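S.K.: Return atomic coordinates for the entry below.
(chains A, B, C, D, E, F and G)
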Amino acid sequence: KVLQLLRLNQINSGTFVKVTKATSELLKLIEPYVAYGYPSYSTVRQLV
Amino acid sequence: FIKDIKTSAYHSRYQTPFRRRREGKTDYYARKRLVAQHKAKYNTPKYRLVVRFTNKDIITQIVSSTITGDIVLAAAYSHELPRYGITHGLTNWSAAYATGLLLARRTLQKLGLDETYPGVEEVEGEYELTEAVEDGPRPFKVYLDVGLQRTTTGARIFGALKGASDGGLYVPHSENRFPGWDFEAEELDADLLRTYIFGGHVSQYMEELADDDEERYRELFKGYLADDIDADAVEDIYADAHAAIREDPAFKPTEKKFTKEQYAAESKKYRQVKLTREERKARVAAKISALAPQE
Amino acid sequence: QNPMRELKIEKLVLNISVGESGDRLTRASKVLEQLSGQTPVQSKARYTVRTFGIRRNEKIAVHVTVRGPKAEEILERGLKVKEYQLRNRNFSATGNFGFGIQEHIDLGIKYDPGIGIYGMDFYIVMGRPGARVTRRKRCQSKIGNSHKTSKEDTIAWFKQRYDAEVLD
Amino acid sequence: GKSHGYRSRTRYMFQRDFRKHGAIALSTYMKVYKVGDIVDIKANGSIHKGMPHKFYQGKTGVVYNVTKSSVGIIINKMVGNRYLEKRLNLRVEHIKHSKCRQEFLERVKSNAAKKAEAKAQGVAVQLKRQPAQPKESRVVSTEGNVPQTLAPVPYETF
RNA sequence: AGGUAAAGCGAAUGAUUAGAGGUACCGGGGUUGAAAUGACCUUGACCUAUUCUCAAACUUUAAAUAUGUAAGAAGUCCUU
RNA sequence: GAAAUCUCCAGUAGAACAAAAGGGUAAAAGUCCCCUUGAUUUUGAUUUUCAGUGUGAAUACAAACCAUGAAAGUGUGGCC
RNA sequence: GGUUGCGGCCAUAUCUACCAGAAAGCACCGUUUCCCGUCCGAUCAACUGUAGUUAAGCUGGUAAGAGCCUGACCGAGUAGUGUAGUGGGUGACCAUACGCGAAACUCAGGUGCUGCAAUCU
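M.R.: Numbers count the residues shown, from 1 in each chain, chains lettered A, B, ... in the order given. Take a look:
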């Protein structure tokens, strides 16, 4: 259900998440099925 | 051996009774029924007439209940009867009737029902309740309260009932616990009830001991003989006292004398004070150091 | 100092026990009526015993309460039979005393061939002013240790009055 | 045979308390209930009349009707694959006020004050509730606060 | 809102090992003048403070995980 | 007489409450004493098993008519 | 500040042992014609406030008191536990990773607050 809310329906899918206390608890539930970290003004430029 | 019931386990598993019960004051089994209001009325206060009898005094109150604490509407006392011309005999039937008729007229003046619902200004000793006037407001309903006092046929608690009823209030009641009520053939003897209102039962006892035992007639009734009060004068005292109450029943407080701070200054001289935690441990140092070498 | 702690006889309770039912009991009831003046009260059994020979709720024993000046006369009547000599038993820890007699022919009275012969159990409770503290309804409470009655204090009172002895 | 009574499996639920047996305090009876209030339910072992079924212990609902000694409370429950409306009739001894709605009324008055005050001065309110944000950068002073060097202890038998 | 996991028994309810003290008013066997309304023994009788181990149908205490309600125009206050 | 009846002191329930077991109750829901027939009438609404059908039981009112108490009240069978 | 009447929360308020209490109040206390109730004016009922008293109750203080109540980087991030691995081990069961987290125990401090009406060196 949480993966459905974060729009990661397919394998290999991106989004971006605004980091809060509430959004951090969602990532705890789905941590085995996802890898995540802090991007920079370089990786973001290439993706868009 | 022997018993040894009061151990550490007994004290830990002891439910204390509330406090009012622990003192020996209030009955909560009765008070649940008296205070609890019909919930379709929401916030209509339920008034109750408290009557108590200490030694050489009578107390009367009208009380409303809230969550924080009970609120008094108005209250009267038997030691205020000296203003209306009654000194001796403050714990009689006639004092309880006089105090009840005083209490009613205090509250009706605040609410504003003096002319309407006057009461009974004749008094033959009849069983009656205050009837509602057409095209107007109903009478002020007050329920009777007792507490931990016994209910018998001809007791001072039910004298104050009729005092409040004859005063003007709608206090609902029956006939079977007034004096002069025949137990076998259930009827009211109105002659015997009227005597207790005007100090009749006491004034008959004046006549008996006057002729017979003169030692008791000087032991009792010192104030009556000192202030020059004969047997037949008792009718005129309580009759004129009732008329004075129906005139100016307003409550006026005493002169008091000295301010509240002067009472506080005098009282704190005698009542003791606690120690600090350091002064407690100083006594322990003394008890150790005294009993270390032993003396 | 001692103004209020007078120490007095509060009540005297006579008791006559029997082991059967019916007619023997009704005779023993009228003995205490002549003794006291008051109509006595009849006790009854709690549970069935069989070995003594009484059922539960069979009704058997009788007793009567005595108070005031009338109690002090009947106490000295009983002590006249005992020669004013009670033992160092006959005294509770709380300081209440009693004694047993055989036959009501002593302490006044007569034979009276119809009614018969019976023994008694005398018992007297001792107290002080302010016993209403416990007995009243409104505001009940315990009594302080200085005001409580003891064995030694009651025996000292008993030697002073009545011209009597402790023996043991 | 299997047992399915009214008070089945209610050994600890309707058990009273530790050192709170006997009579109830009078504040329970004094409380007022108008049609609209939210209320949580707690069964009381001593009072046997107007007692709730075990399912409704800890449930919450709105009041729809009031009478002499009782209040009508509608509770929604799940069954099969569909919610159903149910009507209860419990006495005042079991019911107490809910503190969930309590905090909402505090927020309504405060937002009205902030909008009315700031419009005649600030021209910027920010009244929506913020989730707990991450940290901002700062500097920590080491003066009289020098780091204590730790190390993992060796194994011992207590 | 709850009475599971864990915890607890010098805290109720029930189970259970080992001495020490008080013995005292007392139930008892002896040994000492057949003696004991007397000692010292194993003693019970409990009591007093301690100590070893426990519990699906015992409990003061009490998690995690699940679970009920609320986060506003059908709103909040003023008037009649 | 270890056990009859009588009196005082300590006594958070270690008793009792028609039966199985659990919960509940101390100026009582236990024990004793006074008066009675709410184990009554007319019909619906509502919880529990649940197809949200019936059967059984139980809860909260309306209009009546009574009981009991100084009253407030309480009572439409058995404390649950 | 003391005290009475009706209370709210219902042990910081209870329980045990010893000392203190001016004034007013509360109490114990004194009597049995009348209503009343008992085996017994003890209890309840009526009567006097006169003959007496702080002895008890009630109120307050004392005690390295028992108990009850708050807190602590006291024990303890230990017991337990949601999630994950082609991790270990013959099994029994254990360790790591991302999270949540007790109770006994030990130490420190406290020991009734408060509402309405009346009264008082």
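
S.K.: and residue 40, which of the three is it?
M.R.: Let's take chain A. Three-state assignment for residue A:40 (DSSP: H, G, I helix; E, B strand; the rest coil): coil.

S.K.: actually chain D
M.R.: Following three-state DSSP, the label given to residue D:40 is strand.

S.K.: tell me the secondary structure for residue B:201?
M.R.: Once three-state DSSP is applied, residue B:201 turns out helix.

S.K.: What parts of chain D come near chain A?
M.R.: Residues of chain D lying close to chain A by C-beta under 8 Å from any C-beta of the partner chain are D:131, D:132, D:133, D:134. (C-beta placed from N, C-alpha, C; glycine too.)

S.K.: Just give the nearest non-adjacent residue to the third one, would you?
M.R.: Pointing back at residue D:133 there. Excluding the flanking residues, the one nearest residue D:133 by C-beta to C-beta, 6 or more residues apart in numbering or on different chains is residue A:20, at 6.6 Å.

S.K.: ok, the one you found - how many residues close by?
M.R.: By other C-beta atoms under 10 Å in any protein chain shown, the residues close to residue A:20 number 14.

S.K.: circling back: quick one: which of the residues of chain D next to chain A is nearest to residue C:98?
M.R.: Nearest to residue C:98, judged by C-beta to C-beta, of the residues of chain D next to chain A is residue D:132 at 82.1 Å.

S.K.: isn't that closest one right up against residue A:23?
M.R.: No: taking C-beta atoms under 8 Å as the definition, residue D:132 is not a contact partner of residue A:23, at 10.5 Å.

S.K.: So these two - more neighbours on which side?
M.R.: Under the criterion of other C-beta under 10 Å, the comparison of residue D:132 against residue A:23 puts residue A:23 first, with 12 against 8.

S.K.: Where does that one sit: helix, strand or coil?
M.R.: Per three-state DSSP, residue A:23 ends up helix.

S.K.: Show the contacting residues for it.
M.R.: Each residue near residue A:23 by C-beta atoms under 8 Å, 6 or more residues apart in numbering or on different chains is listed here: residue A:17.

S.K.: if we go to 10 Å?
M.R.: A:6, A:17, D:131 (C-beta atoms under 10 Å, 6 or more residues apart in numbering or on different chains).

S.K.: What of residue C:104?
M.R.: Residue C:104 neighbours (C-beta under 10 Å, 6+ apart): C:16, C:28, C:31-32, C:34-35, C:110-112, C:115-120.

S.K.: one more time with 7 Å, if that's ok
M.R.: C:31, C:117, C:118, C:120 (C-beta atoms under 7 Å, 6 or more residues apart in numbering or on different chains).

S.K.: By neighbours, which of those residues wins?
M.R.: The most crowded member of the contacts of residue C:104, judged by other C-beta under 10 Å, is residue C:120 (24 neighbours).

S.K.: Next, the contact list for that one, please.
M.R.: Contact analysis of residue C:120 by C-beta under 7 Å, 6+ apart lists C:14, C:16, C:101, C:104.

S.K.: circling back to that earlier point, grab the two from the contacts of residue C:104 that are most spread out in space.
M.R.: The widest separation within the contacts of residue C:104 (C-beta to C-beta) is 11.3 Å, between C:117 and C:120.

S.K.: hang on, the earlier thing: and which of the contacts of residue C:104 is nearest chain A?
M.R.: Nearest to chain A among the contacts of residue C:104 is residue C:120, at 88.7 Å by C-beta to the nearest C-beta.

S.K.: For beta bridges, what are the partners of the closest one?
M.R.: residue C:101 (DSSP bridges).

S.K.: Ramachandran angles for residue C:66?
M.R.: Dihedral pair for residue C:66: phi -130, psi 130, per degrees, to the nearest 10.

S.K.: which ones are touching it?
M.R.: So residue C:66 contacts C:11, C:12, C:14, C:36, C:74 (C-beta under 7 Å, 6+ apart).

S.K.: let's go with 6 Å and repeat that
M.R.: Contacts for residue C:66 (C-beta atoms under 6 Å, 6 or more residues apart in numbering or on different chains) come out as C:12, C:36.

S.K.: With residue C:34 as the reference, measure out to it.
M.R.: As for residue C:66, its distance to residue C:34 is 13 Å (criterion: C-beta to C-beta, to the nearest Å).
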